[PDB]
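Each remark here refers to the structure printed beneath this line.
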Amino acid sequence: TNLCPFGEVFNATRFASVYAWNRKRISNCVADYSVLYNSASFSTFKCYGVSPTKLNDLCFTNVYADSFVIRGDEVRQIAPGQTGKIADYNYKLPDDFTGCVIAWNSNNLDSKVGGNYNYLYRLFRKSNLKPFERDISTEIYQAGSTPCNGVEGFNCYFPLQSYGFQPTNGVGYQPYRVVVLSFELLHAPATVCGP
Amino acid sequence: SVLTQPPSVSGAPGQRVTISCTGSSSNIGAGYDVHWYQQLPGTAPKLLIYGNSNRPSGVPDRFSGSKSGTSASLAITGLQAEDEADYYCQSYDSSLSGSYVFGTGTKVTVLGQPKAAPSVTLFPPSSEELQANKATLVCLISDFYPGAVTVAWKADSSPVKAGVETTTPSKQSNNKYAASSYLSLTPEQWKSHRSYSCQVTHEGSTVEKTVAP
Amino acid sequence: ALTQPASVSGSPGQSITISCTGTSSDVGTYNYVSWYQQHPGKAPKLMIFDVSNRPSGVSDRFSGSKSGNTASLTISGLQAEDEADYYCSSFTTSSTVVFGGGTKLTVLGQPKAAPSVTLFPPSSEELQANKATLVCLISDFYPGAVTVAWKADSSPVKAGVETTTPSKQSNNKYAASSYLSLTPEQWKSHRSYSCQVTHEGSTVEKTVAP
Amino acid sequence: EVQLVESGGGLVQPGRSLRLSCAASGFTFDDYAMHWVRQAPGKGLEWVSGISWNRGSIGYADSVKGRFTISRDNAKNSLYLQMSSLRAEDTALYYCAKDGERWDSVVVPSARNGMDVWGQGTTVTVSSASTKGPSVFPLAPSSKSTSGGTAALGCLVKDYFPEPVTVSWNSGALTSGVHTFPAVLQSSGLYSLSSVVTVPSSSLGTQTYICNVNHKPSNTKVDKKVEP
Amino acid sequence: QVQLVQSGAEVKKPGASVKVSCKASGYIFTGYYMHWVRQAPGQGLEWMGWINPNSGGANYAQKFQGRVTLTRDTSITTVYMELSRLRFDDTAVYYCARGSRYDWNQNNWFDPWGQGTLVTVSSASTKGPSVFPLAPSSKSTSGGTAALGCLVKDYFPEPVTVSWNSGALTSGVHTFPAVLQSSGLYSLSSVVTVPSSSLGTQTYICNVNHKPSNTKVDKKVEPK
Ligand SMILES: *[C@@H]1O[C@H](CO)[C@@H](O[C@@H]2O[C@H](CO)[C@@H](O[C@@H]3O[C@H](CO)[C@@H](O)[C@H](O)[C@@H]3O)[C@H](O)[C@H]2NC(C)=O)[C@H](O)[C@H]1NC(C)=O
Numbered sequence: 085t086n087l088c089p090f091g092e093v094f095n096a097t098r099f100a101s102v103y104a105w106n107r108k109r110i111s112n113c114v115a116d117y118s119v120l121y122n123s124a125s126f127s128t129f130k131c132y133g134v135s136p137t138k139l140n141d142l143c144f145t146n147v148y149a150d151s152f153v154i155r156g157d158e159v160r161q162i163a164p165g166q167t168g169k170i171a172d173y174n175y176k177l178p179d180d181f182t183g184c185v186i187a188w189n190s191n192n193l194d195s196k197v198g199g200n201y202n203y204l205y206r207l208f209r210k211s212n213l214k215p216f217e218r219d220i221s222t223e224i225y226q227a228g229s230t231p232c233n234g235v236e237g238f239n240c241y242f243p244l245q246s247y248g249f250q251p252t253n254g255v256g257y258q259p260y261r262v263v264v265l266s267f268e269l270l271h272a273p274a275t276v277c278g279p
Numbered sequence: 002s003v004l005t006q007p008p009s010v011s012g013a014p015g016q017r018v019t020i021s022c023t024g025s026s027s028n029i030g031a032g033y034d035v036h037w038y039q040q041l042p043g044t045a046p047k048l049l050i051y052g053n054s055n056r057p058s059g060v061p062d063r064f065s066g067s068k069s070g071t072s073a074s075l076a077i078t079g080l081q082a083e084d085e086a087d088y089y090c091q092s093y094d095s096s097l098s099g100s101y102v103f104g105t106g107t108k109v110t111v112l113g114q115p116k117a118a119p120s121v122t123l124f125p126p127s128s129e130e131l132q133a134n135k136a137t138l139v140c141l142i143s144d145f146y147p148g149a150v151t152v153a154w155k156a157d158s159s160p161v162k163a164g165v166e167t168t169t170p171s172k173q174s175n176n177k178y179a180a181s182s183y184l185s186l187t188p189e190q191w192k193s194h195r196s197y198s199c200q201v202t203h204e205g206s207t208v209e210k211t212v213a214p
Numbered sequence: 024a025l026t027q028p029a030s031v032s033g034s035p036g037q038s039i040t041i042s043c044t045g046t047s048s049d050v051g052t053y054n055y056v057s058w059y060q061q062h063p064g065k066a067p068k069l070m071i072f073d074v075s076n077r078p079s080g081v082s083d084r085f086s087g088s089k090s091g092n093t094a095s096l097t098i099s100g101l102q103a104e105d106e107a108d109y110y111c112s113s114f115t116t117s118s119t120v121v122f123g124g125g126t127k128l129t130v131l132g133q134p135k136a137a138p139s140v141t142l143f144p145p146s147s148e149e150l151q152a153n154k155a156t157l158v159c160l161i162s163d164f165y166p167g168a169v170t171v172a173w174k175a176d177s178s179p180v181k182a183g184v185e186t187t188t189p190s191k192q193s194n195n196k197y198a199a200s201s202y203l204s205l206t207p208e209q210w211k212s213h214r215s216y217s218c219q220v221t222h223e224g225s226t227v228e229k230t231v232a233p
Numbered sequence: 002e003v004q005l006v007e008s009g010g011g012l013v014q015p016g017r018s019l020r021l022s023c024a025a026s027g028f029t030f031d032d033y034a035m036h037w038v039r040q041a042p043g044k045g046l047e048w049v050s051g052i053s054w055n056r057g058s059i060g061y062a063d064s065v066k067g068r069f070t071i072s073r074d075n076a077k078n079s080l081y082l083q084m085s086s087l088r089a090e091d092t093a094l095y096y097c098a099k100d101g102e103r104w105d106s107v108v109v110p111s112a113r114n115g116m117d118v119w120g121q122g123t124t125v126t127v128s129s130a131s132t133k134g135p136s137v138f139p140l141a142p143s144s145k146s147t148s149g150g151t152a153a154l155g156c157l158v159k160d161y162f163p164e165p166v167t168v169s170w171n172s173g174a175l176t177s178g179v180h181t182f183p184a185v186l187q188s189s190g191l192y193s194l195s196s197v198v199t200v201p202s203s204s205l206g207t208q209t210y211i212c213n214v215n216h217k218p219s220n221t222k223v224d225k226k227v228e229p
Numbered sequence: 038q039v040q041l042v043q044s045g046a047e048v049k050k051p052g053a054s055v056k057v058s059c060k061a062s063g064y065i066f067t068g069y070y071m072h073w074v075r076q077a078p079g080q081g082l083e084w085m086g087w088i089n090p091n092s093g094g095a096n097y098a099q100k101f102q103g104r105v106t107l108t109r110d111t112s113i114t115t116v117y118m119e120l121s122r123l124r125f126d127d128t129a130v131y132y133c134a135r136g137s138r139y140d141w142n143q144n145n146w147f148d149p150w151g152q153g154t155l156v157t158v159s160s161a162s163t164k165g166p167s168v169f170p171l172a173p174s175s176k177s178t179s180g181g182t183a184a185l186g187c188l189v190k191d192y193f194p195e196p197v198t199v200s201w202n203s204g205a206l207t208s209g210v211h212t213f214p215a216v217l218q219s220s221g222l223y224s225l226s227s228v229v230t231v232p233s234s235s236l237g238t239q240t241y242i243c244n245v246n247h248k249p250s251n252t253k254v255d256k257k258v259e260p261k
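Quick mapping for you: the protein sequence lines, in order, are chains A, B, C, D and E. Okay, so the first sequence: first residue is 85 according to the working numbering, each after it adds one. Okay, so the second sequence: first residue is 2 according to the working numbering, each after it adds one. Okay, so the third sequence: first residue is 24 according to the working numbering, each after it adds one. Okay, so the fourth sequence: first residue is 2 according to the working numbering, each after it adds one. Okay, so the fifth sequence: first residue is 38 according to the working numbering, each after it adds one.
Right under this line is the structure:
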């Protein structure tokens with residue numbers, strides 16, 4: 085009769101950077117979604133594949149929660165089929181994604197006067213990330229023909245930057261916290277279902 | 002912010018015309034699309050183009066749209082008699098809690114008939130109104146095409162702007178446009194001078210009318 | 024490094040071309056040559072970046088050219104606010120910045136001014152504390168070139184002379200100071216001393232006696 | 002089929018408060034987002050505010066942020082807008098639109114598909130002045146307004162509120178040659194128009210002309226003679 | 038707006054170690070390389086090296102390959118430059134500048150620059166100044182204007198603040214630059230020109246304040 089640790093993810097103290105998003109596997113508990121789609125606190129609750137009304141009355145095999153923080157002008161890229169820097173180098177969603185993406189502003193908990201450089205993100209890479217691929221390498225990206233072999237300079241950059249979060253930025257540059265709940269349907273007796 | 006548009010574009014039937022909606026680094030500089038709406042005279046705005054490249058059902062094949070850099074462009078090839086309306090461009094903005102912004106608006110009118118020469122006439126205040134502590138000069142213009150006319154009021158050697166008003170050009174049953182301009186002042190200000198005048202300008206053609214006691 | 028001329032002088036309204044000669048690995052490969060200006064007693068200001076483009080707030084009187092392995096800075100319409108130190112810099116192929124030898128622009132057109140010399144003997148407290156210092160102050164002269172000499176009644180004084188470098192005042196003129204350190208016995212042993220300044224062939228002497 | 006009808010419109014003196022409603026039918030009102038779009042008389046469109054699927058994402062314009070309050074109730078499939086502290090600029094025509102995505106936001110939206118269905122429009126007029134009757138003055142011909150053998154003369158109505166006013170000539174017996182132009186807003190916030198007629202000057206000295214003005218807001222019925 | 042600030046001037050001894058801090062404010066601190074430029078007194082500019090405040094790498098010149106250290110601190114957005122094993126040729130002004138962009142494409146110029154910090158390496162210890170009145174005489178006056186002043190000798194380090202009547206007298210004051218003697222002690226003189234009447238009826242007092250030696254001394258310049 086245990087309850088799913090939904091509060092441990094949404095009310096968490098700190099979120100990981102977008103480049104290395106956190107991952108939480110939820111199972112063996114009863115899921116009560118009435119709190120989610122009736123909270124009036126999330127600024128985005130898009131669902132692809134199902135609807136918030138029917139989502140509660142449908143059994144799920146497994147569920148994964150990927151939480152991160154991205155700037156305001158990059159929340160429109162977390163969707164199946166979209167492209168961009170975040171959609172090819174940081175977080176790539178599959179084309180047959182069946183799940184939901186919650187998002188809410190956090191301009192009062194992830195900001196500080198002078199700049200907050202604790203949230204990193206990848207900018208340069210060789211190829212595009214596969215669906216649900218994680219990369220935490222910090223090697224020097226090579227853009228030219230000459231091999232830099234680990235020294236920075238011309239044609240050799242650092243593939244990790246960070247946003248300058250400040251409390252005086254526009255809504256496009258404000259740090260929004262995003263949580264993607266994916267439902268990987270497999271062959272299982274549906275251990276987790278709603279009332 | 003706001004989106005800039007040309008105030009008026011015209012042409013002949015069977016000719017390609019284009020309207021340009023220029024944004025900024027926030028409106029179109031980001032990955033925000035731009036939509037095009039068409040509003041007929043006296044009706045609610047209709048969705049003409051969505052997503053800056055697609056087209057909803059009902060819209061013919063003539064209307065096209067394409068964006069580049071920080072500016073979009075709508076194109077109409079082969080104008081008809083059904084494409085005289087207003088056109089607006091819309092996109093989102095992300096700045097200090099940005100909001101949806103619209104374009105200035107472009108009035109597309111097909112030149113079915115060529116230009117003409119308008120007739121103008123000034124009427125001064127009557128004696129009943131002169132004694133009624135009220136005065137107004139009216140400069141009326143009729144039979145002009147298209148609808149682009151300005152009127153300026155001038156005393157003996159100086160253009161005046163206190164009390165000017167001009168009505169929006171309206172259409173009559175003969176397909177020609179008419180309008181009027183009012184200069185409302187007190188009787189003593191008019192009686193204390195020698196002459197007044199209304200000057201009308203339509204497509205460069207300038208006509209004068211002077212009134213004196 | 025990059026070789027620049029020592030000093031260039033020109034008349035107002037004319038044009039001066041400063042040539043910064045680099046290397047096939049500095050100015051031959053990349054086109055990132057920059058020209059900075061530094062005033063006496065201030066931080067160097069960025070004047071030209073991008074051998075063609077000029078940042079906001081800069082006038083059109085300055086321009087930059089490049090042909091082969093030698094950059095050039097063309098200044099037209101000389102004024103009084105142009106005399107400063109100009110430096111050319113560039114980025115090598117190994118991601119390393121290299122600066123030039125520095126060029127000094129002396130805008131010709133200013134008049135010649137004779138120096139004013141003030142001579143002060145050692146005070147009573149100086150000899151009361153077993154010390155002696157003669158002071159020779161030079162002010163309001165141009166250009167910044169002047170030699171100093173100390174003369175006893177019939178002899179030169181070479182040991183015990185401290186002379187500073189000429190510096191520019193607020194009114195675009197120069198000034199300097201010289202100190203002669205001696206003991207009260209040597210100060211009271213001779214009859215008189217003199218400070219002599221030499222500037223552009225002219226000479227001015229000032230004498231002092233107890 | 003998709004239609005939105007807005008009620009609750011009228012004239013209110015500045016400073017008061019109004020409530021503009023908007024119903025919906027023929028689609029799932031529970032999902033799509035709603036927006037308010039106002040347009041000044043003879044001007045371009047303008048955004049007002051917007052809600053999206055819940056009270057979580059609510060946006061307001063940069064000029065009506067602290068005045069207008071938008072709400073909605075999914076039970077009755079309708080939305081509301083409570084305006085207060087109105088000024089001389091709020092007079093316009095309002096439309097309640099909807100988004101083109103099922104769960105699109107308003108504060109950081111994915112701007113795609115635009116706004117498909119628009120409302121018919123509801124007028125909101127804010128005039129501090131009170132209603133009154135029209136003043137009528139005759140515009141008589143002279144030696145300067147003669148051209149083509151046809152002189153023009155008429156009657157000018159001014160300083161009335163609100164629209165409209167009916168004007169006739171000779172109690173309807175004279176039909177040809179009449180020209181009535183729409184009234185224009187004055188500086189004081191009222192209307193003024195003129196009804197003119199162009200007649201051959203050969204009948205100026207034989208037949209008299211009477212202009213009749215009728216106005217319902219003040220029950221004004223006035224006949225005036227226009228003589229040289 | 039963007040800006041860079043440095044620390045105050047420093048004075049050390051041969052064999053010590055200096056550490057200059059540079060704080061950037063007004064832009065993304067971790068998106069632009071930080072260069073250091075050293076300038077000797079009366080000499081051309083010299084390039085020391087650059088540091089990346091994003092990852093932590095740094096590249097120094099061949100001359101300073103062994104006795105320099107560049108570190109970063111993103112919590113307070115500062116960059117530290119430590120110079121160890123100082124010598125007599127290490128006295129200079131150290132500017133910190135914003136260099137290239139994160140991809141070496143857009144920005145390739147040093148802008149903006151810092152305010153400039155000075156590092157004076159010397160062997161002489163902190164010594165209090167000595168004030169002496171250079172009094173006027175009948176031979177040091179011509180046309181009705183006599184010169185008189187105060188001489189500050191044998192002090193270290195720089196600078197010193199000389200005023201006249203708490204800043205009241207300003208018409209005709211001249212403070213010449215401080216000379217460097219062969220013993221490491223500085224000496225300067227501040228003079229004023231005054232009409233002869235105020236030389237007979239007004240007594241002038243010069244106030245010398247040396248903050249590094251917390252000294253404040255008044256001296257009355259009377260006719261000899
Ligand atoms: C993260 O923390 C917040 C706040 O602690 C959680 O929201 C809280 O959810 C509970 C659910 O029952 C709310 O309790 C009910 O509130 C109503 C309204 O006042 C009250 O009438 C009931 O008697 C009951 O107490 C609680 O109010 C609400 N708190 C706030 C501030 O809204 C949230 O659920 C947590 N996150 C997760 C994932 O659970």
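Where a beta carbon is used, it is the ideal one built from N, C-alpha and C, also for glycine.
Is the beta carbon of residue i sitting closer than 9 Å to the one on residue j?
i, j, result
"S113 of chain C", "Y59 of chain C", "no"
"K56 of chain E", "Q43 of chain E", "no"
"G168 of chain A", "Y132 of chain A", "no"
Can you pull the chain D residues whose beta carbon is under 8 Å from the beta carbon of residue i, in chain order?
i, result
"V263 of chain A", "Near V263 of chain A there are no residues of chain D at all, since even the closest Cβ is about 14 Å away, more than 8 Å."
If residue i sits next to residue j, beta carbons under 8 Å apart, how far is it from one beta carbon to the other, in whole angstroms?
i, j, result
"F122 of chain C", "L82 of chain E", "5 Å"
"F242 of chain A", "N91 of chain E", "6 Å"
"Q81 of chain B", "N176 of chain B", "16 Å between Cβ atoms; not a contact."
Check the Cβ-Cβ distances between residue i and every residue of chain G, and say whether any is below 9 Å.
i, result
"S58 of chain E", "The structure shown contains no chain G; the protein chains it does contain are A, B, C, D and E."
Report all residues from its chain with a CB closer than 6 Å to the CB of residue i; omit the five preceding and five following residues, and keep chain order.
i, result
"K127 of chain C", "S30, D108"
"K253 of chain E", "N246"
"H180 of chain D", "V197"
"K176 of chain A", "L213, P215"
In chain order, what residues of the same chain have a beta carbon less than 7 Å from the beta carbon of residue i, not counting five sequence neighbours either side?
i, result
"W84 of chain E", "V74, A98"
"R113 of chain D", "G101, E102"
Going along chain A in order, which residues have a C-beta closer than 9 Å to the C-beta of residue i?
i, result
"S57 of chain C", "Correct list: empty, because the minimum Cβ distance to chain A is about 16 Å."
Which bits of chain E does residue i rub up against, with CB to CB less than 9 Å?
i, result
"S246 of chain A", "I65, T67, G68, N91, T111"
Skipping 5 residues on each side, what residues in its chain have a beta carbon closer than 8 Å to that of residue i?
i, result
"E149 of chain C", "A155, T156, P207"
What does residue i touch in chain E if you count any residue whose Cβ is under 8 Å from its own?
i, result
"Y241 of chain A", "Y139, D140, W141"
Chain E partners of residue i, CB-CB under 7 Å?
i, result
"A29 of chain C", "Near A29 of chain C there are no residues of chain E at all, since even the closest Cβ is about 11 Å away, more than 7 Å."
Point to revise | beta strand (DSSP E) runs wholly inside the stretch 45-88 of chain E, at least 3 long, in chain order | key: 47-49, 54-62, 69-76, 82-88
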